[PDB]
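Only one structure is covered here, and it is reproduced in the block below.
In C-alpha cells, the structure reads:
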C-alpha cells in the first residue's frame, strides 16, 4: 500500500470520525473545499512533542483563519482517546479544550494514503500537508519523531502559496509577505535579479 | 521506480558528477559521513526560485559549517550547464561563484531514488533532505515549484536534530536554541508540562 | 492476513510493549510457558464494556494465580493510552491501578494473528483465548462488541482443561470441580453413563 | 477451504438432512429466521462429552424456547448413525429420544464453512454459534475435545444479546438479566461508572 | 484430488484406526504384504446393503483364509460408530461379532485415494479391490449404491489371480478352479481351442 | 488425459466404427438409449482370454436381450482386424460368426475416456461397464490381463440394477432374482433382518 | 507430441516387439548399426495397398541384402495381428510367410516420433525412411493412403546415398548406378556441365 | 516456427515473387486450384544437383501439363539471382531458358511453412510436394542434399493419385498406368489378391 | 523502452518545447509534413562538437530551405538552458542567434523513441535522421560522441532522396546532382552499366 | 531478435563464408583486430545501387589500406551467388574481379545482430558500420534502398575517429584532415571558439 500523496495532484481523499468541540463528528477532506487546509499527522495522544504541536497551532488558529485557512490534526488513536486527551489538563501533557478537529485513523488507511504510516511502530511520523482551496496538494513536510514542526514556517508557506496563486509571480528563498517576488520569464526575471 | 527515501532509515546512496569550485568532481553521499548533510534538489538551472535558494544557502554557508553541517544542491541539468550557470552574473539570474557543490543528475537516477522526480516535466520539484552524521534521513521537505524554501527553518531543524541527538530530550513545536525541551517519559514529561502552565 | 489461531496447535507467537505496574515492559507469549494463560483482546481504551471486563478479571486475579494461571489483556491502543486509562479513576470509566498487563497492538499484527481484528473498525472484537502451560491453544471465545465476557465461565474452563490434562477423564457439559467425569473409552464410559441413570 | 463464519455478518448458510422427531427431514439455516438459534457442532456420535452436551441442551430446551430461541446440533456423522444413537439408552451412552434436531454433515461442507473441522481427525471440535433472529452471527465459542460446554453460559449469552438488541445499552462483564447495563456514550457512560464506584 | 488406484501397480498405501475384535487397532496396508487382500469400501454403518455384504464376507471368511487371503472392510464412519454397530444385534441391522476388521476413513483420504468417495454424498460407493501378496492391485469392482456385491464372484477372482500367478497360464471367461486354462502362446493356445 | 467414467453419472459418450454382422457400421453410445448396455473392452484381437469372453457373451447373448440389455465389445484393433478375427474359425482362436458388435478404438480416445487404456501396453485392460437405459453408468468391473470376466456375474448385476430401478428396494450381497430384498428405511429394514 | 525425424540427424531411436521368422522378438533401431536400413510404416494389417508393399519389399529382399541394406516394416497393429496376417494366404489378402520383420507400435510412440501418425484415423500413413549405416536419417518419403510406394525408387535412393557416402561426388536428378555424377565445387562442377551440354 | 505441411490437409498457403518467362510476377498457391501441382524446393542457385533437377523437370514439363499438372520450383535465393541463373548457359551450370516458375523465398517463410528450411545452413533441403487440384497435400518427398530426385517417380505418383481420385480403386506397390488395382473393401479386394495368386 | 525509428516506416511522432527565435514554442513532428525534415540530436548544451554542428547547419540553412527542407535540433537540455546557450557569444562556445529550432527532451521520451538515448550518460549520442515530406524515415546517421557530422553529406543525401522520389531511378554510390542514375530493372539497368564501362 | 549493434560497445561478433580472391574462406570479425574496419551490408547481388557501392569502395581500397583500414561487404546472398556475381562483367551489373571480401549471411543471423535485416523483404537495407581497431563500434550509417552511400564521407569518418583516438581532441562539423579540432574542456575549448 503506497503513498497516494503527490505534490500538484489532488490530495488523497479522506473521511473519518473526529472530535470537534468535544463531540464526535464525521469529517471529510472535501468539507474543506474553497479554503486552504493545513492537514497534519502526529504520532500519538498522551505523548510529548505531539501536544505541543497541536496546542501551538490551536492557540494561533486565527492567523490561519484570517487568511481563509483551516487546520486539521490526525493520529491513529481512536476518538475516545482523543476526547480523553482533550479532557486532560495541559499541565499534565493533555490538550485541554481545543479549537482544531482531531481526526481518528484507527484503520491506518488515511495514514497509508498519505504515506506517513510507520509499519514498525503502528503509528504515524510527523507529517504535515498543505492543501490549497482547489484541493491540490502543494507542500509536504515530514519530520522524524523527536523534532516538532513550526507554525511560523507553516504560515509563511500558506502565505506564499496564496500569493503565487493570486499574482502568478514566484517566491524566492525565505519569502515573507512584503518581500520581492520574481516574474517567471527568461526576460521578466531580470527585474528581480538586476537590482 | 519507487522512492527509497524513508525517514529513520539510511538516506538512499547516490554518487555523481558535481561542479565544486568551478571544477568537475566525483561526489558521493558517503563523503559526508561524520557530518549532518543538507541535500536538496531544485528544478532547473537558469530559472527563477532556484538560483535564490542556492544563493540563500550559499551566502549563509558558515552557519551550517560551524554546526558540522554541509550543503549539497542537485538538479537534472548537466555539469556543463551548471558551470555555465555559475559563470553567469547574479544580476542576470546566474549564481556567481558558490561554495556549494552542484550535483548533476542527468540520468535521473538520484531524483527517482529520492522520490522528487517529476515524470511529466523531466525535472524535480523542490525537495530538501536532512541527513545526519550517521547517514540516517531525518527530515523531508517537499515544495511545489512556485514556492522557495527557508534557510532559517532548515537551520532550526538541523539544530533541533543535533540537540535531540546529544540530549535525548525531544523538541517542542517551534523549538529554537535556548527553548524548553521535553523528557520523553510519562512522569519525566511533567517537568516540561507543569512548568509551562 | 489470515488467522493463525488453531485449537490444539501452538498459540500464535506474540510480543510487544505492555504496561506492567505502571511501566512499559516488553512482553512475550513465551514468558508464560509453564503456566496457563488467559489471553484476551478488548476493542478500545476509554470505552464501555471494556473497562468492566478488564476490572472483572483484575479484581479476581488471585483466583487465577492460585491455579497457576495468568491473565493478559490486549487492545490496538498505544502503551501511552493504556497508562492514561490506568491513571483514570474508575468513576470516570478508567481502570484505576491494575495487576493485569495491558499489551499494546498498534500495528495490528497480534490481533490479525489471532483472527480478532475488525478490518473496517480498526480495532478488535471481544476475543479470549485459553492457552495451556505447553503453549497450546485450548479454547477460543469470541463475542460481538456489545456483550461482555464471564470470569466464571473462564475459570470453569481453565479448571476443566487443567483437570483433563492431569487425569485423562473428560469433562461433561457443565462440569465444575467436584462433578462427575467420563473415562473416554467405549467400556469405561459406562461407569459414568450407568451411574446417572 | 476457509472459514466463512464471521461475527456481525450473516452466518454461513447451511442445509442438510437432520434427524427430527425420529425422522429424516431436510433442515436449513433459513428455517430459523425470526428466532435466535444456538447452532452447535460436536465431534462424534457414540463418544463421551458429546452425548452429555446434547442431552444437557435437550433436557433444558424450554429455557431456550421460552426466549424465542431454538437449538440445533451437528456432527460429521450420518443421519443413520444419529438415529441409531437416539435409539441407544442413555445408560449405554446413547441419547435416548431427543427434541433437538441432529444435523448431519457427511461432506464436511458445513463444518468447514463454520471453521470447526479438524483436518487431522476427520471430525469437528466443540464449536458453538449464537445466531440472531436476523441471521447475524453474534458469538463463537470453541472448545478443544476434552472439555464440554455450558448450557448456562449459553443462556446468559443469548439473554444478553437479546437485551442489547432491544435496548441498545451494552452488557458488562458477567451481566445476568437484572444486572446494570451501560449507555454506550462518553457522556451517558458515567451514569454507570459513578453508580458502581 | 484424484484416484491412485491403478491395476498392475502397487495399491495405494493406507493406514487408519480399525476395530479388531471389539478393539481399536492401527491397521496398515503393509501389514498385509505376503497375503492376498480383499479390501472393500461400503457406504454407511447402520444402513441396508452394507451389513449384508459385511456379514456375507465374515461368515465365509474361512474360504478366504484357507487360500491365504485376508479381508478388510472400510467406511467413512468413526471407529466408535463401527464398534456400536458391532454391538448391535444382527436382527436389528447390526453385525454382531465380526472377524473382519472395520477400518475407519473419517478424513476421506483413503476413499479419495481409492477413487471411491462420492463428493455429493460424503461417503463411498460399493468399491472392492483385490490386492495380491506383492501389494499389486489386480482387480477393481465398483457398484452403485443399491446393488450388493457377491462373495462367490470375489472368491472366483482371487482363485483366478492366484492360479495365473503360479502356473503362468491364463483363465478364460467363467473360470472356476478345475476349469481349462490357456497357454498364452500363438501356438500353445491351440490345445485349448481345438478341444472345443 | 483422464477417465470420465463415473458411477451414477452419464456414461461418457462414444462413437466409432464397428463390425456388425460382417459389416462396417457407425455405432454410437446414444444408439442404446432405452436399453441397458453391457459395454466392455478387451485387450487384443487374436489373443487368448479375449475370444473366450467375447464368445461366452455372444453364445448367451439371448439371456441379455430377453431382459432388454444389449452387449458391445471394444478393443484398440482396427475394424479390418476385427472382421478378419470373425472370419477365423473358433478352433484357431477366432470368433466365427458373432452377434455382438465389435467396436474399434484405434485412436484410444474411447479407452482413455473409460479409463481402461494401458499407457505402457498400447491396449486396454479387461474393463466392463453396465449402463442403464437412461444412459447412466451403474457398474464398473476391471480385471488385470490374465483373468477373464464372468457372464453369470454380469447377468446378476444387470438383473439387480433393473430390480432396484423398478421396485425401489435394494439388493443384499449375493442377490439373484427371487432373493429377499430390503426396504431402505430405518424401520422397513426390519422385515428383512428379523427374518434371519 | 512432435515429430523427431530430421534429415541429416540421427534417426529417432525405436524399440519394440516384432514378428520375425514367425516369432515375437524385441527389435531395436540400433540393431541395424553398420547397415543401411529401409524403415517403413504402413497403415493397417488386413487392408489393401499395405500387403502389396510388404510383399513387394519382401519378395525382393536380396536386392537390398546384397547392398548391405535391411528392411523393417511397422504398423500400429499388435504383434498377434501381425502373425495372424502372416498366417493368412496371399490369395485372401494375407502376407503368407515373410522374411522382413514386422514391428508393432501399439502405443503410437514410434509413429509419433517419426511424424507419420494420423491423429484422426488412429494409424499411420505410408511413410518410408532411409537410414544410413551410421544411423543418420537421409530420405523421407510420405504417401497419402491410396497410393503405394515403389521398391525401385527406394533401391535407386539407397544406391545413390551409398555412392555419395563413398565418393563424395553428388548425384543428379534421375541418377542410376553408372550415371554421371558431379564434383560439388564451383570449379570441378564444369567437368559435368561441359560434358552434358 | 513449425511445419504446417500435412498429408490429407490443405497445403500451406504461399505467395511471393517468381521469375516467369524472364519477368518478375507475383505467384500464389491458389493460382493452381483446379490443377495438380508439383511444388518443389531446391537448396541453392548456382550449385550442383539443383540445376539438374530444375532442368530435368523443365525439359519434361509437357509430360506434366498433358495430365493437368503444373510444376513450380522454389529456393531461398532472390528473384534477381534466379534470373541471373536463367541467363547463365547450361554449360556453366546455369539453367538457360526455362518454363518452370522459379519462386523466391528470401524471408524463409515458405520453406519454414513446408518444414524444409535448414536452420543452420540458411537454405532448404530437397523437398518436393504433390498437391492435388483441390489444394490438398498428397505426397511429401524429402531428400538429403547430395541426392537428386526423380521425374519418373514423380510422374508415377501424380498418375497414381489422379487415378485413385477418379476411380476409388487403390494403387498397389509399384503401380504404373496399366497395372492391377485393388478395390478397397474386405470382399472386393479378393478380386485383386486371388488374381495374382 | 525500445527504438521506434525504422527506415521506410513513419518516423516516430514527437512533440515538445523548443526555442524558436528566442521564444518557447510547442513544436510537433507533424508540423513538417509537406517538407523533408533533417531532425538531429546532439549530446549536451555548452559542450564542444555540438555547437559546431548546430552552427554548421544554421549558417547553411538556405541550402536546405531552397530544397523544401527544414532542420530541427534536439537535446535532453531544458528550453531554459537552450535559451541561455543561444544568448551566449559564439566566441565563448555559445551559439549566438540561430534560425534552427532547439527542441528540449527533458523527459528523454523523444531520445528513447529515436534509439539515441545513452542510459549510462543521461544524454544522446550524435543521431541524425532524414525524414521525407510524407513523414517517412529515410536515413539514419549515428555518430560516437567525439566526431561531428557533415552538412555536405546531409545535403547530398536529401538531394539523393528527392531525386529518386521524383524520378524512380536509383542513386549510385557517391551520387551528386548531375550524376548518372540507374533504372532499377534487370534490362533497364544496362543503360547505366554499359555506359560507364 | 533485436539489434546488438550499439555505438561505443564491442561490435557484435560475426563469422561466415566469404568469397575472397575468387575462393571460399571462413571469415571472422576478430580477424580484423588491430585494424579499423568498414563493415557494410548491401541488399542483393545482381541488383542496382549495390554493385556501385561495392565497386566504389573496391576501386578506392588503398585510401583505406594506407590508413590501416579494411573493408568488408555482406549480403544475405549465398557464396555461390557472390562468386557468380564476381564472374559477371561490370558492363552488365556484375562486379568483375574485386579486392574486398564478400561475406554471405544466408541465415540472416549477422544482419539481425546488426539490426539491418528487413523482415518483410528477406534482405538487408544499406547499412554501414565503422568499427575501430579495438573492435568497438563507432559509427552507424543506414540508408533506405534507393540511395547509395559515400566513400568520401566514410573516409572522412574513419580519419576523424583515428584522429580523436590518437590526440584526444574532438572533430567539429565537417572536419577533414588538417581542419581545426577542439579541446574538450570548459576552459580549453576557448582556443577553438575565440579565434
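Residue numbers (the UniProt record's numbering), protein chains in the order written: chain A, 75 to 269; chain B, 75 to 271; chain C, 75 to 271; chain D, 75 to 271; chain E, 75 to 270; chain F, 75 to 270; chain G, 75 to 271; chain H, 75 to 271; chain I, 75 to 271; chain J, 75 to 269.
Quick reminder that beta carbons are idealized off the backbone N, C-alpha and C, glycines included.
- Looking at the DSSP output, residue 213/D shares a beta bridge with 217/C and 204/D.
- Inter-residue distance for residue 78/D and residue 102/D is about 17 angstroms (C-alpha atoms, whole angstroms).
- Distance from the CA of residue 118/H to the CA of residue 150/H, rounded to the nearest whole angstrom, comes to 7 angstroms.
- The C-beta of residue 155/J comes closer than 8 angstroms to at least one C-beta of chain H.
- When the beta-carbon positions are compared, residue 120/E and residue 146/E stay at least 8 angstroms from each other.
- Listed along chain B is no residue with a C-beta nearer than 9 angstroms to that of residue 112/A; the closest approach is about 13 angstroms.
- Taking all protein chains shown into account, residue 269/B has fewer than 16 neighbouring C-beta atoms within 10 Å of its C-beta and is therefore exposed.
- In the three-state scheme derived from DSSP, where H, G and I count as helix and E and B as strand, residue 157/I is classed as helix.
- The beta carbons of residue 225/I and residue 245/J sit no closer together than 8 angstroms.
- With the rule of 3 Cβ pairs closer than 8 angstroms, the region 165-182 of chain E does not count as touching the region 125-139 of chain D.
- Looking at the DSSP output, residue 94/D shares a beta bridge with 97/D.
- Boundaries of the alpha helix (DSSP H) harbouring residue 185/C: 183-187, taken from the DSSP string.
- Residues of the region 134-159 of chain A with a C-beta less than 8 angstroms from any C-beta of chain C: 150, 151, 152, 154, 155, 157, 158 and 159, listed in chain order.
- About 5 angstroms separates the beta carbons of residue 109/H and residue 142/H, which is inside the 8 angstroms limit, making them a contact pair.
- Spatial neighbours of residue 217/B in its own chain (CB-CB distance under 7 angstroms, excluding positions within 5 residues in sequence) are listed in chain order as 199, 200 and 223.
- Judged by DSSP secondary structure, residue 237/J falls within the alpha helix (DSSP H) whose first and last residues are 225-241.
- For the region 237-248 of chain C, the set of positions with a beta-carbon nearer than 9 angstroms to some beta-carbon of chain A is empty.
- Bridge pairing for residue 197/B: 192/B [DSSP].
- The beta-carbon distance between residue 81/C and residue 212/C, rounded to whole angstroms, is 7 angstroms. This is short enough to meet the 8 angstroms contact definition.
- For residue 106/G, no beta strand (DSSP E) encloses it, and the DSSP letter there is neither H nor E.
- The C-beta separation of residue 184/G from residue 88/G comes to about 5 angstroms, placing the pair in contact by the 8 angstroms criterion.
- Among the residues of chain A, none has a CB under 7 angstroms from the CB of residue 187/C; the nearest is roughly 14 angstroms distant.
- Check the Cα spacing between residue 260/G and each of 125/J, 220/J and 152/J: the tightest is with 152/J.
- Residue pairing of residue 137/A in beta bridges, as defined by DSSP: absent, with no partner found.
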